[PDB]
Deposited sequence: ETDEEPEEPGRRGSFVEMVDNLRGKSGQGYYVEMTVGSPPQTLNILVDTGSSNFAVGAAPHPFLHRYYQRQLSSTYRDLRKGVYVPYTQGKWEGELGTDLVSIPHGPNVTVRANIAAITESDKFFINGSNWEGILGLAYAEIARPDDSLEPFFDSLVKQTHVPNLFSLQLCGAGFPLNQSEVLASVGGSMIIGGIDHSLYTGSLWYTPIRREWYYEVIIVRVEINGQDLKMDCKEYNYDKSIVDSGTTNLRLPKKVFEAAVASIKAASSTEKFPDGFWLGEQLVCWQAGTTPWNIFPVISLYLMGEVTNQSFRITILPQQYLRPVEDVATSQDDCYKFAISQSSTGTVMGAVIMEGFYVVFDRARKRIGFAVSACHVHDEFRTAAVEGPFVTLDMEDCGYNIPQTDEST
C-alpha cells in the first residue's frame, strides 16, 4: 500500500496522441503499447498489419489463445473498429507481478481509429462492463484482473503533460505522486466513471447555471479524450466568461471554437491573462463539495507539428459537447486521479508533476457547503 516504485513512470505518450502502457499478450508474450482509456471498457488490439501500426497481436504465435467464435463491430462518432473476440494471457511488465486470462478483441478492420505516427497499437478500456461491446457479459480487463488475482480493486493515474509521461498504479496509490490531500467524489453509476459537477467558476466567478446543465446528460472522467468537453449551453457561458477575463488581448473568434491556433513568440506565452477554471464536485458527505482548479497550462495545448509557423502555437482545448461533460487529459493532467472502484468513488489530489508557473498552481480544495447537489444529476 502507498509505494509502488516499479509502476512509477510506466506511461509514455506524445502530445495529442494520449498515454499508453506496455502490456504483453499470449504465450510466448507479445509486447504491445496500449492506450490507457477510462472512457471505454474493451481491451482491443490491432491484429493485422495496418500501415500505422508498429506491431500487432499475432494470435497464431500464441499457444494460450482461445477463440470465442464471436465478432464485434464498434462504431464511434468518428472512428470504428471491428474484430474477433477471444481470451489469452495478459501481463503488464511495469505493473503487478501477475498474469491473467482476459478478453481481447483482435481488431481486423478499422477506420479513423489508429493514429498515424503514434506508438500504440491497442486500447485498454478501464471503465465498467455496462458499456462493453457487444454487451455487458464481455468482462473488462480490470474486472478479470481483480477476479483472478489478489490485486486490490483500484487504480490510479498521474498523466504528466507537455514527450508526455506518467504513472498508472494498478492496485493502489503512490503517495509520492501528489501533494496535499486526496478529496473523493462518488461514482454516480458504474458504466463510465460518471461524476456530478455541482458548480463551475471561471477565475472564481460562478457561472450561475442550473447545475443540472453541468451534467447534461452525464459528466465523466476520461483519459482517452484530450479536451475538457462541456455541454454546449455550459460551453457557451464558459467561453463568454473566459473571453471576458482574457480580454486584455483579442484573439480571432475561431480560436475559441478550436478552428484555428494562436501563436506567440517562443517563451512569451501570456499565461497570466488567461483565467483559472474550477469545477466543484459532489463530495462524500451530504451538502459537502470540494473544488478542483486548472490553469491555462492545462487547457491551452501546445501544437508542435505546425510547419506553417516558427512560433509557439496552442490550441484551445475546452470544447462544446453533445455527450455531457468529459474531463479528459485537460483536467487529468492537473491531478493525481484515484479510481477507487472498491468504494465507488474517484479521488483527486494536486499532481506532483503538473505544469504550472511561479504565480499559480492547480489546486484541490475543500470542504465547501453546497446544497441540492442531488438535483445536479440528470436522469
| message | Please report every deposited-sequence interval that has no C-alpha in the structure, sorted by position. | response | 1-11, 174-184, 402-409
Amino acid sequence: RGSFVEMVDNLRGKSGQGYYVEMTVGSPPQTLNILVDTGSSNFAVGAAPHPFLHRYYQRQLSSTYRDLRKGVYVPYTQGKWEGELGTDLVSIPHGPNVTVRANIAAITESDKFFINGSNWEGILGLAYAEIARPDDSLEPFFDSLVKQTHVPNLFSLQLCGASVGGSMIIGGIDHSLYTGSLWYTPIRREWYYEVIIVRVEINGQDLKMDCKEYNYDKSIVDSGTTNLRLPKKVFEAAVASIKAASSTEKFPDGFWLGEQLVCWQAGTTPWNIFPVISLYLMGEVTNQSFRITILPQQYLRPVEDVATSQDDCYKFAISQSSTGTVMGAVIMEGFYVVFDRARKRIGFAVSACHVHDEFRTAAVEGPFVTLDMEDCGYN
From here on, numbers count along this sequence of modelled residues.
| note | The stretch whose C-alpha atoms carry the larger average B-factor in the entry, 306-314 or 344-352, is 306-314
| 297-305 versus 147-155: which one carries the higher mean Cα B factor per the record? | 297-305
| request: Return the residue from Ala105, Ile170, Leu126, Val262 that has the highest Cα B-factor in the entry. | output: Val262
| task | Please work out which residue in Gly122, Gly79, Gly224, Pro186 has the highest C-alpha B-factor recorded for this crystal structure. | result | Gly79
| said: Please place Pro49 in the lowest, middle or highest third of its chain according to the CA B-factor in the PDB entry. | reply: middle
| note | By the entry's values, the third containing the CA B factor of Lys212 is the middle
| said: Per the entry's values, where does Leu182 land by CA temperature factor relative to the rest of its chain, in the lowest, middle or highest third? | reply: lowest
| said: For the chain shown, is the CA B-factor of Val72 in the lowest, middle or highest third of its modelled residues? | reply: highest
| message | Ranking every modelled residue in this chain by its Cα temperature factor as given in the entry, which third contains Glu194? | response | lowest
